[PDB]
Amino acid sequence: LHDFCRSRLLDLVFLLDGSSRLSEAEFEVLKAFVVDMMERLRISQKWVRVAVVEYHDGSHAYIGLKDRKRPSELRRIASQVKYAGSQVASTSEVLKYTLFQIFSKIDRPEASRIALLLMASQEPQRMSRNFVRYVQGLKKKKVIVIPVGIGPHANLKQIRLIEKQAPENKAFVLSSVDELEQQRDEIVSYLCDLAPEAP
């Protein structure tokens, strides 16, 4: 567990891209990134709660924030996320799910709320109608949305939309899934910095 992120209070949500842009091997690295990401976070009901959601045309919820399982159990489910590899990875559907189904109420006002969006594709414009409204809606609920771009096929437009509305919404643009292993120590330095500490 991190030395900086032990006394932190945070509710983290993992949104994994399930498009065909990332191969089944590249998606496995993304999963390995998430698992190693949680190993350095103090996973507990009092401290840091996690949520793993693999999304494509819809959203598959593997782990919920209100789940009462050991951190070892939560790591296996994250490492056993089935590769979808769909034609379309709707980022608007997963955020609409995050705004209404996951962040409907403020259960922990004493803790920060971060939605880690892992994107590597670009949904059709027919689905990007209410994207901005979903982003500003999470801002009103005080939710720091952090876009994580992987590769050249990442939705650069939707990245800029999130970063321009809130000052805390910083984005991560990577060229490959192998850069996740390099930046894993840096993203946590920002994730935990936005979270309050415990007396």
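Just count from 1 along the sequence shown to find any residue number.
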- [ ] Compare the mean C-alpha B-factor of 31-39 with that of 167-175 as given in the PDB entry, and name the stretch with the higher value.
- [x] 167-175
- [ ] Please work out which residue in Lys157, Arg68, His60, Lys140 has the highest C-alpha B-factor recorded for this crystal structure.
- [x] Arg68
Task: Record-listed C-alpha B factor of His56: chain third - done: highest
Task: Third assignment of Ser189 from its chain's C-alpha B-factors - done: highest
Task: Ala78 - which third its CA temperature factor falls in, relative to the rest of the chain - done: highest
Task: Third assignment of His153 from its chain's C-alpha B-factors - done: middle
- [ ] Using the B-factors in the PDB entry, rank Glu123's C-alpha atom against the chain and give the third, lowest, middle or highest.
- [x] highest
